[PDB]
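File shown: entry28.txt. Contents: compact mmCIF, C-alpha atoms.
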```txt
# COMPACT_ATOMS: atom_id res chain seq x y z
CA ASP A 523 101.59 10.68 27.61
CA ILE A 524 99.69 7.37 27.32
CA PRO A 525 99.90 4.02 29.19
CA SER A 526 100.35 0.55 27.72
CA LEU A 527 97.64 -1.58 26.13
CA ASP A 528 98.14 -4.74 28.22
CA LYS A 529 97.39 -2.77 31.40
CA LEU A 530 94.23 -0.91 30.31
CA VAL A 531 92.15 -4.10 30.06
CA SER A 532 92.82 -4.68 33.77
CA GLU A 533 91.85 -1.07 34.52
CA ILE A 534 88.21 -1.39 33.52
CA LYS A 535 85.65 -2.72 36.00
CA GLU A 536 84.20 -6.01 34.78
CA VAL A 537 80.41 -5.76 35.03
CA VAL A 538 78.49 -8.84 36.13
CA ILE A 539 76.36 -10.66 33.55
CA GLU A 540 73.59 -12.71 35.15
CA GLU A 541 72.34 -14.64 32.02
CA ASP A 542 68.96 -15.22 33.74
CA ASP A 543 67.33 -11.90 32.60
CA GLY A 544 65.00 -11.53 35.63
CA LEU A 545 61.64 -11.97 33.91
CA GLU A 546 59.26 -14.18 35.88
CA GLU A 547 60.54 -13.24 39.36
CA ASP A 548 57.74 -10.66 39.74
CA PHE A 549 55.14 -11.80 37.20
CA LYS A 550 51.58 -12.45 38.40
CA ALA A 551 50.16 -14.80 35.77
CA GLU A 552 46.59 -15.74 34.84
CA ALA A 553 45.26 -19.08 33.64
CA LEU A 554 44.23 -19.05 29.99
CA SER A 555 40.90 -20.66 29.21
CA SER A 556 41.31 -22.83 26.12
CA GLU A 557 37.57 -22.78 25.50
CA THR A 558 35.73 -19.57 24.66
CA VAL A 559 33.87 -17.94 27.56
CA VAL A 560 30.70 -16.14 26.50
CA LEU A 561 27.74 -14.45 28.19
CA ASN A 562 24.28 -15.96 28.58
CA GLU A 563 21.12 -13.88 28.93
CA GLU A 564 21.75 -13.17 32.60
CA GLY A 565 25.20 -11.84 31.69
CA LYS A 566 27.05 -14.72 33.32
CA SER A 567 30.37 -15.88 31.89
CA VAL A 568 29.54 -19.43 30.76
CA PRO A 569 31.31 -21.69 28.25
CA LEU A 570 30.27 -21.33 24.64
CA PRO A 571 27.40 -23.81 24.14
CA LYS A 572 27.75 -26.98 22.09
CA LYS A 573 24.72 -25.84 20.11
CA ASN A 574 26.32 -24.96 16.79
CA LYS B 43 -6.45 13.65 -2.68
CA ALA B 44 -5.21 13.01 0.85
CA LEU B 45 -4.20 9.39 0.25
CA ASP B 46 -1.19 10.43 -1.84
CA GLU B 47 0.59 11.59 1.32
CA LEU B 48 0.99 7.89 2.19
CA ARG B 49 1.95 6.93 -1.37
CA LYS B 50 5.56 5.99 -0.84
CA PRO B 51 6.55 4.57 2.54
CA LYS B 52 9.16 6.67 4.33
CA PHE B 53 11.33 4.10 6.08
CA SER B 54 13.59 5.16 8.94
CA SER B 55 15.21 1.72 9.08
CA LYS B 56 16.35 -1.23 6.97
CA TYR B 57 15.72 -4.20 9.28
CA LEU B 58 12.10 -3.29 9.90
CA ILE B 59 10.84 -6.81 9.21
CA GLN B 60 13.02 -8.02 12.08
CA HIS B 61 11.22 -5.66 14.43
CA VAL B 62 7.67 -6.39 13.30
CA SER B 63 8.40 -10.11 13.55
CA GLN B 64 9.16 -9.55 17.23
CA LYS B 65 5.59 -8.29 17.70
CA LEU B 66 3.55 -10.29 15.20
CA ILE B 67 4.69 -13.84 16.01
CA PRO B 68 3.79 -13.53 19.75
CA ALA B 69 0.31 -12.46 18.65
CA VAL B 70 -0.19 -16.06 17.54
CA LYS B 71 -2.14 -17.67 20.37
CA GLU B 72 0.05 -20.76 20.53
CA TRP B 73 3.24 -18.72 20.78
CA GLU B 74 3.29 -16.69 23.99
CA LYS B 75 5.10 -19.37 26.02
CA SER B 76 8.61 -17.92 25.63
CA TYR B 77 9.00 -18.74 21.93
CA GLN B 78 11.21 -15.70 21.60
CA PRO B 79 14.82 -15.01 20.61
CA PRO B 80 16.76 -12.81 23.02
CA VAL B 81 18.47 -9.54 22.19
CA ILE B 82 20.31 -8.23 25.26
CA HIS B 83 23.49 -10.31 25.36
CA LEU B 84 22.78 -12.46 22.30
CA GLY B 85 22.39 -11.67 18.65
CA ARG B 86 21.12 -13.11 15.41
CA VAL B 87 23.11 -12.82 12.21
CA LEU B 88 21.24 -10.88 9.56
CA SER B 89 23.82 -10.82 6.77
CA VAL B 90 27.14 -12.60 6.33
CA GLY B 91 29.66 -12.01 3.61
CA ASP B 92 33.23 -10.82 2.99
CA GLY B 93 34.02 -11.35 6.65
CA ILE B 94 31.44 -8.82 7.84
CA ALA B 95 28.47 -10.16 9.76
CA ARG B 96 25.64 -7.75 10.51
CA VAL B 97 24.06 -8.90 13.75
CA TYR B 98 20.57 -8.12 15.03
CA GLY B 99 20.35 -7.52 18.72
CA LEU B 100 23.34 -7.51 21.09
CA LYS B 101 21.86 -4.47 22.78
CA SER B 102 24.49 -4.27 25.50
CA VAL B 103 27.59 -4.91 23.39
CA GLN B 104 30.45 -2.44 23.68
CA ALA B 105 32.32 -0.77 20.86
CA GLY B 106 35.31 -2.90 20.01
CA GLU B 107 34.08 -5.77 22.13
CA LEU B 108 35.10 -9.29 21.19
CA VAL B 109 32.06 -11.40 20.30
CA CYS B 110 31.78 -15.09 19.58
CA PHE B 111 29.67 -16.81 16.99
CA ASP B 112 28.02 -20.09 17.87
CA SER B 113 30.23 -21.77 15.25
CA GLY B 114 33.24 -21.02 17.45
CA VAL B 115 34.67 -18.27 15.27
CA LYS B 116 35.22 -14.99 17.10
CA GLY B 117 34.65 -11.46 15.91
CA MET B 118 34.88 -7.83 16.96
CA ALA B 119 31.80 -5.63 17.30
CA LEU B 120 33.09 -2.61 15.43
CA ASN B 121 30.05 -0.69 14.14
CA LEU B 122 27.30 -0.20 16.70
CA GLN B 123 24.43 0.97 14.53
CA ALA B 124 20.99 1.95 15.71
CA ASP B 125 19.37 -1.34 14.70
CA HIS B 126 22.25 -3.80 14.21
CA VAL B 127 25.93 -4.37 14.93
CA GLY B 128 28.57 -4.55 12.25
CA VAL B 129 30.86 -7.38 13.32
CA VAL B 130 34.14 -8.06 11.57
CA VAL B 131 35.09 -11.72 11.69
CA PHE B 132 38.41 -13.11 12.99
CA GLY B 133 38.41 -16.10 10.68
CA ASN B 134 36.51 -17.47 7.72
CA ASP B 135 32.88 -16.42 7.31
CA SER B 136 32.05 -19.72 5.58
CA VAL B 137 30.83 -21.13 8.90
CA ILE B 138 28.52 -18.21 9.72
CA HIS B 139 24.97 -18.36 8.42
CA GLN B 140 22.00 -16.06 8.50
CA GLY B 141 20.23 -16.65 11.78
```

Rewrite the structure of this file - the entire thing - as structure tokens.
Amino acid sequence: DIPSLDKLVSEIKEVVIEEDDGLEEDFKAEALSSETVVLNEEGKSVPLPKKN
Amino acid sequence: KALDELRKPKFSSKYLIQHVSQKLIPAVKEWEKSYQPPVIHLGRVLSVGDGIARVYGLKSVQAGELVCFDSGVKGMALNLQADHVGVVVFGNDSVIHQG
């Protein structure tokens, strides 16, 4: 009541592997500031001062 | 005796000297020309130690807000107390000083 083993591997639908994982095709990035951005007394996002 | 009511001072704060310095040093007649440290978006370190800086001021800081010390080391404003901010430090507290 069963078929042969050489045939059953041709029976199954071979799914398509894309090996490119689809990551950055929709990604809206944002530039990272290397230097720290702080607030002055007006509340404005300035660089961190060189006063240490 | 009525003077024994005022025998021991009943303090409702701990950093009281940091508040009375904000009103006694501008009473000096040379020192009304903006010789003042700001409190709204800036802060002064009161205490450092064990990676916990207690910061005077920072009146508009949010709970869990990232702060930066002037040494470059960053921190997180975790306790927002009535007169200071308890800031945990994201590095070594060796570079943070009082003031």

Any chance you could tabulate, as JSON lines, the residues of chain B at most 6 Å from chain A with each one's nearest atom pair and distance in Å to one decimal, using all atoms listed in the file, in chain and rising number order?
```
{"residue": "B:83", "atom": "CA", "partner": "A:563", "partner_atom": "CA", "distance": 5.6}
{"residue": "B:112", "atom": "CA", "partner": "A:574", "partner_atom": "CA", "distance": 5.3}
{"residue": "B:113", "atom": "CA", "partner": "A:574", "partner_atom": "CA", "distance": 5.3}
```

Give me, as a CSV table (one decimal) with C-alpha atoms, keeping the file's coordinate frame, all polymer residues having an atom no more than 12 Å from residue 137 (chain B), counting only C-alpha atoms and skipping those fewer than 6 positions away in the same chain.
```
chain,number,residue,atom,x,y,z
A,574,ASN,CA,26.3,-25.0,16.8
B,87,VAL,CA,23.1,-12.8,12.2
B,90,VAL,CA,27.1,-12.6,6.3
B,91,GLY,CA,29.7,-12.0,3.6
B,93,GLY,CA,34.0,-11.4,6.6
B,95,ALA,CA,28.5,-10.2,9.8
B,111,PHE,CA,29.7,-16.8,17.0
B,112,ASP,CA,28.0,-20.1,17.9
B,113,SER,CA,30.2,-21.8,15.2
B,114,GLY,CA,33.2,-21.0,17.4
B,115,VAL,CA,34.7,-18.3,15.3
B,116,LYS,CA,35.2,-15.0,17.1
B,131,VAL,CA,35.1,-11.7,11.7
```

| task | Calculate how many Å separate CA of residue 121 (chain B) from CA of residue 55 (chain B), rounding to one decimal. | result |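 The value is 15.9 Å.
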
| task | Find the spatial neighbours of residue 57 (chain B), counting only C-alpha atoms, within a cut-off of 10 Å - ignore same-chain residues fewer than 2 positions away - and output them as number ranges by chain. | result | B: 53-55, 59-62, 88, 98, 125-126

| message | Residues within 6 Å of residue 118 (chain B), please, as JSON, numbers by chain. Count only C-alpha atoms; anything in the same chain fewer than 2 positions from it doesn't count. | response | {"B": [106, 107, 108, 109, 120, 129, 130]}

| request: To one decimal in Å, tell me the separation between CA of residue 554 (chain A) and CA of residue 132 (chain B). | output: 18.9 Å

| said: Between CA of residue 124 (chain B) and CA of residue 136 (chain B), what is the distance in Å, rounded to a tenth? | reply: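 Distance reported for this atom pair: 26.4 Å.
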
Centre, x/y/z edge lengths, axis-aligned box for region 524-529 of chain A with 6 Å per side, as lines of an AutoDock Vina configuration file:
```
center_x = 98.9
center_y = 1.3
center_z = 28.8
size_x = 15.0
size_y = 24.1
size_z = 17.3
```
